[PDB]
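Heads up, data.cif below (mmCIF, C-alpha atoms (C1' of nucleotides)):
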```
data_final
#
loop_
_atom_site.label_atom_id
_atom_site.label_comp_id
_atom_site.auth_asym_id
_atom_site.auth_seq_id
_atom_site.Cartn_x
_atom_site.Cartn_y
_atom_site.Cartn_z
CA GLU A 1 111.79 28.73 -187.03
CA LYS A 2 115.01 30.74 -186.66
CA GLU A 3 116.69 27.90 -184.76
CA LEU A 4 115.68 25.36 -187.41
CA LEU A 5 116.82 27.67 -190.21
CA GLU A 6 120.21 27.89 -188.50
CA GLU A 7 120.26 24.09 -188.11
CA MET A 8 119.54 23.69 -191.83
CA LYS A 9 123.14 24.82 -192.62
CA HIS A 10 124.77 21.64 -191.30
CA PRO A 11 126.96 19.64 -193.71
CA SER A 12 125.11 16.56 -192.44
CA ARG A 13 122.28 15.51 -194.75
CA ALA A 14 120.29 13.67 -192.05
CA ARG A 15 120.35 16.70 -189.74
CA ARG A 16 119.16 18.92 -192.58
CA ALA A 17 116.35 16.49 -193.39
CA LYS A 18 115.22 16.42 -189.76
CA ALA A 19 115.28 20.21 -189.52
CA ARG A 20 113.30 20.45 -192.76
CA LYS A 21 110.72 17.99 -191.44
CA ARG A 22 110.26 20.02 -188.25
CA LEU A 23 110.16 23.26 -190.28
CA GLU A 24 107.31 21.93 -192.42
CA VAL A 25 105.05 21.64 -189.37
CA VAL A 26 106.31 24.88 -187.81
CA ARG A 27 105.68 26.85 -191.00
CA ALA A 28 102.28 25.22 -191.54
CA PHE A 29 101.23 26.42 -188.09
CA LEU A 30 102.74 29.86 -188.68
CA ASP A 31 101.02 30.30 -192.06
CA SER A 32 97.60 28.94 -191.08
CA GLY A 33 97.38 30.97 -187.88
CA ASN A 34 96.34 27.88 -185.93
CA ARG A 35 97.57 27.60 -182.39
CA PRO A 36 99.44 24.37 -181.56
CA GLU A 37 97.70 24.08 -178.18
CA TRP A 38 94.42 23.61 -180.08
CA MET A 39 95.65 20.06 -180.75
CA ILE A 40 94.75 19.38 -177.09
CA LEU A 41 91.00 19.24 -176.45
CA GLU A 42 89.30 21.06 -173.58
CA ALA A 43 85.72 20.86 -174.89
CA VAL A 44 84.63 17.82 -176.91
CA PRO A 45 81.99 18.55 -179.59
CA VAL A 46 78.83 16.45 -179.61
CA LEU A 47 77.23 15.42 -182.90
CA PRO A 48 73.59 16.37 -183.47
CA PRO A 49 71.19 13.62 -182.38
CA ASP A 50 69.52 13.12 -185.77
CA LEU A 51 72.86 11.91 -187.16
CA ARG A 52 73.19 9.42 -184.28
CA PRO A 53 69.55 8.40 -184.09
CA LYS B 1 52.28 21.14 -212.42
CA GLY B 2 53.73 21.01 -215.95
CA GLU B 3 56.73 23.31 -215.44
CA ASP B 4 60.42 22.44 -215.71
CA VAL B 5 62.44 21.33 -212.69
CA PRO B 6 64.34 24.07 -210.81
CA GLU B 7 68.06 24.35 -210.12
CA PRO B 8 69.48 22.00 -207.47
CA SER B 9 70.91 22.85 -204.06
CA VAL B 10 73.48 21.48 -201.59
CA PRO B 11 72.88 17.76 -200.93
CA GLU B 12 72.10 16.72 -197.37
CA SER B 13 74.98 14.23 -197.34
CA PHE B 14 77.49 17.08 -197.60
CA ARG B 15 75.87 18.75 -194.58
CA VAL B 16 76.19 15.43 -192.75
CA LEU B 17 79.87 15.35 -193.76
CA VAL B 18 80.42 18.89 -192.46
CA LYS B 19 78.75 18.04 -189.15
CA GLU B 20 80.77 14.83 -188.78
CA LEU B 21 83.98 16.76 -189.48
CA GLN B 22 83.00 19.30 -186.81
CA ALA B 23 82.50 16.42 -184.36
CA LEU B 24 86.20 15.61 -184.88
CA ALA B 25 87.09 19.19 -183.80
CA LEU B 26 87.83 20.32 -187.36
CA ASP B 27 86.55 23.69 -188.61
CA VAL B 28 85.20 23.21 -192.15
CA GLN B 29 83.92 26.46 -193.66
CA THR B 30 82.49 27.19 -197.12
CA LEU B 31 83.74 30.44 -198.67
CA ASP B 32 82.71 32.62 -201.60
CA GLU B 33 85.03 34.36 -204.07
CA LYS B 34 86.07 37.01 -201.51
CA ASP B 35 87.04 34.43 -198.84
CA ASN B 36 84.01 35.28 -196.73
CA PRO B 37 81.95 32.57 -194.99
CA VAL B 38 78.91 31.19 -196.81
CA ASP B 39 76.27 29.65 -194.53
CA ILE B 40 74.95 26.46 -196.14
CA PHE B 41 72.65 25.65 -193.18
CA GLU B 42 70.20 28.53 -193.84
CA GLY B 43 70.73 30.19 -190.47
CA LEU B 44 69.36 27.19 -188.56
CA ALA B 45 72.61 26.38 -186.73
CA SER B 46 73.93 29.86 -185.85
CA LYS B 47 73.42 31.17 -182.31
CA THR C 1 102.80 0.66 -172.07
CA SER C 2 99.36 -0.53 -173.16
CA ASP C 3 96.98 -2.76 -171.15
CA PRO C 4 96.07 -0.18 -168.46
CA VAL C 5 94.96 -2.95 -166.08
CA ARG C 6 98.55 -4.16 -165.72
CA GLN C 7 99.77 -0.58 -165.20
CA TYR C 8 97.19 0.02 -162.47
CA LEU C 9 98.01 -3.30 -160.80
CA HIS C 10 101.70 -2.39 -160.83
CA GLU C 11 101.02 1.03 -159.28
CA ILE C 12 98.85 -0.48 -156.53
CA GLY C 13 101.40 -3.23 -155.88
CA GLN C 14 104.16 -0.66 -155.42
CA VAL C 15 102.40 0.36 -152.17
CA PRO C 16 103.00 -2.09 -149.29
CA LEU C 17 100.15 -3.45 -147.19
CA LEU C 18 99.53 -2.70 -143.51
CA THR C 19 99.82 -4.54 -140.21
CA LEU C 20 97.42 -4.29 -137.29
CA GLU C 21 99.47 -1.61 -135.52
CA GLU C 22 99.74 0.57 -138.64
CA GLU C 23 96.06 0.18 -139.56
CA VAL C 24 94.75 0.98 -136.07
CA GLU C 25 97.27 3.84 -135.81
CA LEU C 26 96.10 5.40 -139.09
CA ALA C 27 92.41 4.97 -138.23
CA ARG C 28 92.91 6.61 -134.84
CA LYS C 29 94.79 9.43 -136.57
CA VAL C 30 91.89 9.96 -138.98
CA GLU C 31 89.37 10.11 -136.15
CA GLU C 32 91.40 12.57 -134.08
CA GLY C 33 92.02 14.67 -137.19
CA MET C 34 88.28 14.97 -137.72
CA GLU C 35 87.79 15.85 -134.05
CA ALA C 36 90.55 18.46 -134.36
CA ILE C 37 88.83 19.82 -137.49
CA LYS C 38 85.64 20.28 -135.48
CA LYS C 39 87.52 21.83 -132.55
CA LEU C 40 89.24 24.34 -134.84
CA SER C 41 85.88 25.08 -136.47
CA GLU C 42 84.45 25.90 -133.04
CA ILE C 43 87.50 27.98 -132.08
CA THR C 44 87.41 30.12 -135.22
CA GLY C 45 83.63 30.00 -135.59
CA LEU C 46 83.83 29.09 -139.29
CA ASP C 47 82.30 26.29 -141.33
CA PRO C 48 84.11 22.97 -140.68
CA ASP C 49 83.98 21.67 -144.26
CA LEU C 50 85.77 24.70 -145.72
CA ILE C 51 88.64 24.40 -143.23
CA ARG C 52 88.72 20.68 -144.05
CA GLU C 53 89.16 21.68 -147.69
CA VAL C 54 91.99 24.05 -146.76
CA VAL C 55 93.77 21.23 -144.89
CA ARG C 56 93.27 18.90 -147.86
CA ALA C 57 94.55 21.51 -150.32
CA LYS C 58 97.65 22.18 -148.22
CA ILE C 59 98.41 18.46 -147.89
CA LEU C 60 97.83 17.75 -151.60
CA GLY C 61 100.21 20.61 -152.37
CA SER C 62 100.58 23.00 -155.28
CA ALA C 63 100.83 20.02 -157.66
CA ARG C 64 97.09 19.50 -157.30
CA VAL C 65 95.30 22.54 -158.76
CA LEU C 66 88.36 27.59 -153.67
CA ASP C 67 91.49 29.18 -155.14
CA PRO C 68 95.10 29.70 -153.95
CA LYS C 69 94.29 33.24 -152.78
CA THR C 70 91.37 32.27 -150.53
CA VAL C 71 93.05 29.21 -149.02
CA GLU C 72 96.20 31.28 -148.41
CA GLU C 73 94.23 33.99 -146.62
CA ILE C 74 92.55 31.46 -144.35
CA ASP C 75 95.86 29.62 -143.88
CA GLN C 76 97.38 32.71 -142.34
CA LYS C 77 94.04 33.42 -140.64
CA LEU C 78 94.76 30.23 -138.67
CA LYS C 79 98.51 30.60 -138.03
CA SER C 80 97.61 33.69 -135.97
CA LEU C 81 95.94 31.51 -133.33
CA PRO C 82 98.12 31.07 -130.21
CA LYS C 83 99.70 27.88 -128.86
CA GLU C 84 97.97 25.15 -126.77
CA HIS C 85 94.84 25.62 -128.90
CA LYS C 86 96.86 25.42 -132.13
CA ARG C 87 97.80 21.72 -131.95
CA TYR C 88 94.37 20.96 -133.48
CA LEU C 89 95.56 22.31 -136.85
CA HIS C 90 98.64 20.06 -136.87
CA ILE C 91 96.48 17.09 -135.84
CA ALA C 92 94.13 17.89 -138.73
CA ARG C 93 97.03 17.98 -141.20
CA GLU C 94 98.34 14.67 -139.84
CA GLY C 95 94.88 13.09 -139.96
CA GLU C 96 94.36 14.08 -143.59
CA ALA C 97 97.75 12.56 -144.44
CA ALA C 98 96.68 9.42 -142.55
CA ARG C 99 93.48 9.29 -144.61
CA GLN C 100 95.48 9.45 -147.83
CA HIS C 101 97.82 6.67 -146.61
CA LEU C 102 94.90 4.47 -145.49
CA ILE C 103 93.18 4.72 -148.88
CA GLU C 104 96.44 4.05 -150.74
CA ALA C 105 97.11 0.98 -148.58
CA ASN C 106 93.59 -0.45 -148.90
CA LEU C 107 93.26 0.06 -152.67
CA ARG C 108 94.04 -3.64 -153.29
CA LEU C 109 90.93 -4.87 -151.47
CA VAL C 110 88.88 -2.90 -154.02
CA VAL C 111 90.47 -4.86 -156.88
CA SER C 112 90.00 -8.15 -155.03
CA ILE C 113 86.29 -7.46 -154.57
CA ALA C 114 85.70 -5.99 -158.04
CA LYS C 115 87.37 -8.83 -159.95
CA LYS C 116 84.21 -10.97 -159.53
CA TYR C 117 81.79 -8.46 -161.08
CA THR C 118 82.96 -8.54 -164.71
CA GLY C 119 80.49 -9.18 -167.51
CA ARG C 120 77.60 -7.05 -166.22
CA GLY C 121 77.92 -4.18 -168.70
CA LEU C 122 80.75 -2.35 -166.90
CA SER C 123 84.43 -2.79 -167.72
CA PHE C 124 86.92 -3.88 -165.07
CA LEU C 125 88.50 -0.45 -164.60
CA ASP C 126 85.12 1.26 -164.14
CA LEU C 127 84.23 -1.27 -161.44
CA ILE C 128 87.62 -0.66 -159.81
CA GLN C 129 87.06 3.11 -159.78
CA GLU C 130 83.58 2.81 -158.29
CA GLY C 131 84.99 0.44 -155.67
CA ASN C 132 87.59 3.10 -154.91
CA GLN C 133 84.77 5.60 -154.34
CA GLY C 134 83.11 3.16 -151.95
CA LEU C 135 86.45 2.64 -150.21
CA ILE C 136 86.83 6.39 -149.69
CA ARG C 137 83.35 6.50 -148.16
CA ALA C 138 84.18 3.54 -145.90
CA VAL C 139 87.44 5.20 -144.82
CA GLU C 140 85.53 8.33 -143.87
CA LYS C 141 82.90 6.35 -141.93
CA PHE C 142 85.18 3.73 -140.33
CA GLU C 143 85.15 3.52 -136.52
CA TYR C 144 88.20 1.79 -135.03
CA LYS C 145 86.80 1.98 -131.48
CA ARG C 146 84.76 -1.17 -132.21
CA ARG C 147 88.00 -3.21 -132.61
CA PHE C 148 86.79 -4.58 -135.96
CA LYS C 149 89.20 -4.92 -138.86
CA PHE C 150 88.94 -2.24 -141.53
CA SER C 151 88.20 -4.62 -144.41
CA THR C 152 85.09 -5.88 -142.59
CA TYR C 153 83.54 -2.40 -142.78
CA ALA C 154 85.09 -1.59 -146.17
CA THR C 155 83.69 -4.58 -148.07
CA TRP C 156 80.07 -3.51 -147.53
CA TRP C 157 80.68 -0.01 -148.90
CA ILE C 158 82.72 -1.32 -151.85
CA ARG C 159 79.93 -3.75 -152.77
CA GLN C 160 77.28 -1.04 -152.40
CA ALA C 161 79.19 1.35 -154.67
CA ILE C 162 79.81 -1.32 -157.32
CA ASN C 163 76.16 -2.43 -157.29
CA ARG C 164 74.87 1.14 -157.48
CA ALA C 165 77.17 1.93 -160.40
CA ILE C 166 76.06 -1.22 -162.22
CA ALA C 167 72.40 -0.34 -161.71
CA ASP C 168 73.01 3.26 -162.80
CA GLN C 169 75.29 2.97 -165.84
CA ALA C 170 74.89 -0.46 -167.47
CA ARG C 171 72.03 0.49 -169.83
CA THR C 172 71.75 3.03 -172.63
CA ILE C 173 68.23 3.84 -171.43
CA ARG C 174 68.53 4.47 -167.70
CA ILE C 175 66.24 2.30 -165.57
CA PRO C 176 65.70 3.22 -161.89
CA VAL C 177 67.38 1.16 -159.19
CA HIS C 178 64.17 -0.37 -157.83
CA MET C 179 63.09 -1.39 -161.33
CA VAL C 180 66.54 -2.88 -161.98
CA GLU C 181 66.22 -4.93 -158.79
CA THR C 182 62.75 -6.00 -159.92
CA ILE C 183 64.16 -7.12 -163.29
CA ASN C 184 66.97 -9.07 -161.61
CA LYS C 185 64.51 -10.75 -159.23
CA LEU C 186 62.22 -11.61 -162.16
CA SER C 187 65.09 -13.16 -164.13
CA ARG C 188 66.33 -15.18 -161.14
CA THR C 189 62.80 -16.40 -160.41
CA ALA C 190 62.33 -17.39 -164.06
CA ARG C 191 65.63 -19.28 -164.00
CA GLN C 192 64.61 -21.16 -160.84
CA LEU C 193 61.20 -21.99 -162.33
CA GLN C 194 62.88 -23.27 -165.51
CA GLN C 195 65.27 -25.36 -163.42
CA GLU C 196 62.31 -26.88 -161.57
CA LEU C 197 60.02 -27.38 -164.59
CA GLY C 198 62.69 -28.50 -167.05
CA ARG C 199 61.50 -25.97 -169.64
CA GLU C 200 60.99 -22.25 -170.16
CA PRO C 201 58.18 -21.12 -167.81
CA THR C 202 55.14 -19.23 -168.99
CA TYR C 203 54.37 -15.72 -167.78
CA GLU C 204 51.53 -16.91 -165.52
CA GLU C 205 53.88 -19.28 -163.69
CA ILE C 206 56.38 -16.45 -163.14
CA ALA C 207 53.56 -14.20 -161.92
CA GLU C 208 52.48 -16.88 -159.45
CA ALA C 209 56.07 -17.36 -158.26
CA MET C 210 56.73 -13.65 -157.65
CA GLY C 211 53.93 -13.25 -155.11
CA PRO C 212 50.96 -10.97 -154.49
CA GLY C 213 50.64 -8.02 -156.83
CA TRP C 214 51.98 -9.83 -159.91
CA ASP C 215 50.05 -11.01 -162.96
CA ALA C 216 51.22 -12.20 -166.37
CA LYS C 217 50.50 -8.81 -167.93
CA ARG C 218 52.82 -7.03 -165.49
CA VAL C 219 55.56 -9.59 -166.18
CA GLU C 220 55.05 -8.90 -169.89
CA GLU C 221 55.44 -5.14 -169.38
CA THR C 222 58.56 -5.68 -167.25
CA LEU C 223 60.13 -7.86 -169.95
CA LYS C 224 59.14 -5.24 -172.53
CA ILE C 225 60.90 -2.35 -170.76
CA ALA C 226 63.93 -4.55 -170.01
CA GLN C 227 64.76 -4.94 -173.71
CA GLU C 228 68.04 -3.32 -174.65
CA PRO C 229 68.35 -1.42 -177.94
CA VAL C 230 70.26 -3.00 -180.80
CA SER C 231 73.01 -1.37 -182.85
CA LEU C 232 72.34 0.46 -186.10
CA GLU C 233 75.73 -0.94 -187.21
CA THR C 234 74.91 -4.63 -186.77
CA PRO C 235 76.33 -6.44 -189.83
CA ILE C 236 73.75 -8.22 -191.99
CA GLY C 237 75.07 -10.96 -194.26
CA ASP C 238 78.57 -12.34 -194.56
CA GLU C 239 80.14 -9.50 -196.54
CA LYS C 240 81.12 -6.30 -194.72
CA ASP C 241 78.84 -4.07 -196.78
CA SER C 242 75.35 -4.17 -195.19
CA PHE C 243 74.36 -2.64 -191.85
CA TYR C 244 71.06 -2.72 -189.96
CA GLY C 245 70.47 1.03 -190.27
CA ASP C 246 70.56 0.65 -194.06
CA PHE C 247 67.12 -1.02 -193.80
CA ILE C 248 65.33 1.63 -191.69
CA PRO C 249 63.26 4.30 -193.51
CA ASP C 250 62.75 7.86 -192.35
CA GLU C 251 59.14 8.52 -191.30
CA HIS C 252 59.55 12.12 -190.06
CA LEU C 253 60.27 14.35 -193.05
CA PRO C 254 57.39 14.75 -195.54
CA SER C 255 57.67 12.85 -198.81
CA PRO C 256 57.69 14.66 -202.17
CA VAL C 257 54.10 13.51 -202.72
CA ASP C 258 53.11 14.78 -199.26
CA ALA C 259 54.78 18.16 -199.81
CA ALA C 260 53.08 18.51 -203.20
"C1'" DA D 1 47.64 13.38 -152.13
"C1'" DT D 2 49.54 9.41 -154.23
"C1'" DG D 3 53.47 6.40 -156.32
"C1'" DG D 4 57.61 6.66 -158.52
"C1'" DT D 5 62.18 7.83 -157.74
"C1'" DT D 6 66.51 8.62 -155.03
"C1'" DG D 7 69.95 8.87 -151.26
"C1'" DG D 8 71.92 6.11 -147.27
"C1'" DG D 9 72.98 1.93 -144.87
"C1'" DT D 10 74.39 -2.82 -143.57
"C1'" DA D 11 80.77 -4.05 -138.74
"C1'" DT D 12 84.15 -11.93 -138.31
"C1'" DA D 13 87.51 -11.48 -142.39
"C1'" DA D 14 88.43 -10.67 -146.80
"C1'" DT D 15 94.18 -7.23 -150.15
"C1'" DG D 16 97.60 -7.69 -158.06
"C1'" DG D 17 93.11 -10.09 -164.24
"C1'" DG D 18 92.14 -12.78 -168.12
"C1'" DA D 19 91.20 -14.10 -172.94
"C1'" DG D 20 93.96 -15.31 -176.72
"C1'" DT D 21 96.38 -16.49 -181.83
"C1'" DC D 22 99.38 -17.51 -184.64
"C1'" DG D 23 97.63 -19.63 -193.75
"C1'" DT D 24 98.76 -11.32 -196.89
"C1'" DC D 25 101.37 -7.69 -199.42
"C1'" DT D 26 103.69 -3.18 -199.96
"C1'" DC D 27 105.86 1.09 -198.36
"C1'" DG D 28 107.80 4.71 -195.33
"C1'" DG D 29 110.02 5.96 -190.15
"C1'" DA D 30 113.53 4.07 -187.41
"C1'" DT D 31 117.25 1.58 -184.44
"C1'" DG D 32 121.43 -0.95 -185.40
"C1'" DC D 33 125.52 -2.21 -187.94
"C1'" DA D 34 129.58 -0.80 -190.30
"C1'" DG D 35 132.91 2.64 -192.15
"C1'" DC E 1 130.16 11.87 -187.23
"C1'" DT E 2 127.91 9.78 -191.71
"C1'" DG E 3 125.71 6.10 -194.58
"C1'" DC E 4 122.75 1.78 -195.75
"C1'" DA E 5 120.01 -2.29 -193.93
"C1'" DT E 6 116.90 -5.02 -192.23
"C1'" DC E 7 112.64 -4.19 -188.94
"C1'" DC E 8 107.93 -2.83 -187.51
"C1'" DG E 9 103.85 -1.02 -188.11
"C1'" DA E 10 100.17 0.89 -190.73
"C1'" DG E 11 96.99 0.87 -194.51
"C1'" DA E 12 95.05 -1.88 -198.76
"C1'" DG E 13 93.07 -5.57 -201.91
"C1'" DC E 14 86.08 -4.36 -208.61
"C1'" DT E 15 80.94 -3.25 -209.27
"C1'" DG E 16 75.91 -4.65 -209.09
"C1'" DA E 17 71.90 -7.80 -206.90
"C1'" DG E 18 70.11 -9.95 -202.01
"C1'" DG E 19 71.10 -10.35 -197.13
"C1'" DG E 20 67.97 -8.87 -190.93
"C1'" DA E 21 74.00 -12.44 -160.95
"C1'" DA E 22 71.41 -8.19 -152.83
"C1'" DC E 23 68.23 -6.31 -149.78
"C1'" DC E 24 66.11 -2.89 -147.07
"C1'" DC E 25 64.48 1.74 -145.32
"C1'" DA E 26 63.07 6.38 -145.33
"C1'" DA E 27 62.60 11.29 -147.26
"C1'" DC E 28 61.15 14.02 -151.73
"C1'" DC E 29 59.84 15.98 -155.99
"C1'" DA E 30 56.42 14.97 -160.29
"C1'" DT E 31 52.38 14.24 -161.80
#
```

Full structure transcribed into structure tokens:
Amino acid sequence: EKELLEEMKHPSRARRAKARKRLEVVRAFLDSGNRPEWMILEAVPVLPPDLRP
Amino acid sequence: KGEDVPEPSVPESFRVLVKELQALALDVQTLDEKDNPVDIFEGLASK
Amino acid sequence: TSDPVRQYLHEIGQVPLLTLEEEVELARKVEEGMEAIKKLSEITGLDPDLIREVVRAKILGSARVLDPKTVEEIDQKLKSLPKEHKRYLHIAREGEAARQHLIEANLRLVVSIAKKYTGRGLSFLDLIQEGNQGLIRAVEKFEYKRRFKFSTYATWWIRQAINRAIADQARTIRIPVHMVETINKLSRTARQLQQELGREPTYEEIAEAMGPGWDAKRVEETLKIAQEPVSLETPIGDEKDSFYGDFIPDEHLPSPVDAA
DNA sequence: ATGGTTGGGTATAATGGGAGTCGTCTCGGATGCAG
DNA sequence: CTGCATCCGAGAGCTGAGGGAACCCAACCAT
């Protein structure tokens, strides 16, 4: 987040837009408390049988 | 029996939706006014 | 990028094939590595399989994830052994490397065999993987002393693995292997009877053609248990709005009248 | 104590697959062109 | 270094009704 905030001071508009786009995701993860590694599955949930009869 | 019908409850289709969202590894949780969990499954799915 | 079959074919084709000298050399190496494994087991007095696992882990390297601590302790528990009776360990390492090479070189025979088993409920890649399992078993059991080519012994194991996987995994409701063979024999007999009669045979004719211990009722039961379930999502009608499961009522939960 | 089920085995030689689909429209990343 | 400019891919197009391919051999848990 600090690196992207520093990058957001570039005179270039495209660079600033890219840094803002990355910052959106970074700040969403920081605010929610979710860990990014949870986007990789280790255990796969299995739906109850009565909903897949 | 001649009385008036009672107040409704949570439809089963919403429970099906919650279970299908859990199968996609998404944690959907119902909360009350104080942001505490509300169990809509009547303690039948809690270990 | 996509089409994993092409990617797998490319990765297998990047490995060159073998000549007679190389194949016999590798097979002899594997055999002496197993003998060295057993000799080292006798020397140390420990279980042979666990030392085999330590050799395999050391060859495969850190890249492949029994834990590092244990295998390290036994690794230095073996380096302590003096010369002349230490060669065995090096021969075991070499033999395990030879086993890996042999499997890598003979992977293409698995594809060649498995390409004629499509359309039996298993995808091509699953058949290839089960053939690879059979190839590993054949590599372990191969005896080069008989002067036979490796593929001659490997084909039998590859076919056995593919057939066993097909019998085990092709059906949603698992049917035992002997019953699957019975179903296949019944279907082939019915097809031959139809070819001879020029029409669909009756169950009594099939029962007569199977042999002793077969009547029409048993054929009926066998055809009954050989029925595969249909999908709840089978589209009914031309428009994409009606599924089969939309026409199936729930008979378990009590009705409002029943509850009242 | 019986059948049903399951694991193991076969030794001439075998060595890179196969179906398919070309009569739709609109909008937001992105690689490529210029300045 | 920036910008715009085609380029590719991804996600849509009303409701209601009715519609349905080997074989064999031997040990071993379950019932």

- Take the PyMOL selection byres ((chain B and resi 6-20) around 9), apply it to the structure above, and return the hits as a PyMOL selection string. (chain A and resi 47-48+51) or (chain B and resi 3-5+21-24+27-29+40-41)

Residue 12 of chain E environment, 12 Å, all atoms listed in the file, sequence neighbours closer than 4 positions dropped, as an mmCIF file with C-alpha atoms (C1' of nucleotides), in the frame of the given file:
```cif
data_model
loop_
_atom_site.group_PDB
_atom_site.id
_atom_site.type_symbol
_atom_site.label_atom_id
_atom_site.label_comp_id
_atom_site.auth_asym_id
_atom_site.auth_seq_id
_atom_site.Cartn_x
_atom_site.Cartn_y
_atom_site.Cartn_z
ATOM 1 C "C1'" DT D 24 98.760 -11.320 -196.890
ATOM 2 C "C1'" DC D 25 101.370 -7.690 -199.420
ATOM 3 C "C1'" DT D 26 103.690 -3.180 -199.960
ATOM 4 C "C1'" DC D 27 105.860 1.090 -198.360
#
```

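Of note, atom CA of residue 1 of chain C and atom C1' of residue 19 of chain D are spaced 18.8 Å apart.
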
Around the point (69.4, 1.8, -163.6), in the coordinates given by the file, pick out the residues reaching within 12 Å, counting all atoms listed in the file, and return them as a tab-separated table (two decimals) with C-alpha atoms (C1' of nucleotides), in the coordinates of the input.
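Full text of selection_9.tsv as output:
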```tsv
chain	number	residue	atom	x	y	z
C	121	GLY	CA	77.92	-4.18	-168.70
C	163	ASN	CA	76.16	-2.43	-157.29
C	164	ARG	CA	74.87	1.14	-157.48
C	165	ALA	CA	77.17	1.93	-160.40
C	166	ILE	CA	76.06	-1.22	-162.22
C	167	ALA	CA	72.40	-0.34	-161.71
C	168	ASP	CA	73.01	3.26	-162.80
C	169	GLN	CA	75.29	2.97	-165.84
C	170	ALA	CA	74.89	-0.46	-167.47
C	171	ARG	CA	72.03	0.49	-169.83
C	172	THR	CA	71.75	3.03	-172.63
C	173	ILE	CA	68.23	3.84	-171.43
C	174	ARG	CA	68.53	4.47	-167.70
C	175	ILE	CA	66.24	2.30	-165.57
C	176	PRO	CA	65.70	3.22	-161.89
C	177	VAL	CA	67.38	1.16	-159.19
C	178	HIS	CA	64.17	-0.37	-157.83
C	179	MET	CA	63.09	-1.39	-161.33
C	180	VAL	CA	66.54	-2.88	-161.98
C	181	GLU	CA	66.22	-4.93	-158.79
C	182	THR	CA	62.75	-6.00	-159.92
C	183	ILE	CA	64.16	-7.12	-163.29
C	184	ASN	CA	66.97	-9.07	-161.61
C	225	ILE	CA	60.90	-2.35	-170.76
C	226	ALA	CA	63.93	-4.55	-170.01
D	5	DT	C1'	62.18	7.83	-157.74
D	6	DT	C1'	66.51	8.62	-155.03
```

- Please, which residues of chain C lie no more than 9 Å from chain E when the count uses only C-alpha atoms (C1' of nucleotides), and can they be set out as a PyMOL selection string? chain C and resi 117+120+163+181+184+188+235-238+242-244+247

Would you compute an axis-aligned box for segment 31-42 of chain A, covering every atom listed for it in the file with 5 Å of margin on each side, and report centre and edge lengths in Å to one decimal as AutoDock Vina command-line options?
```
--center_x 95.2 --center_y 25.1 --center_z -182.8 --size_x 21.7 --size_y 21.7 --size_z 28.5
```

- Message: Could you tell me, as a VMD selection string, exactly which residues end up selected when the PyMOL selection byres ((chain A) within 12 of (chain E)) is applied to this structure?
- Response: chain A and resid 10 to 15
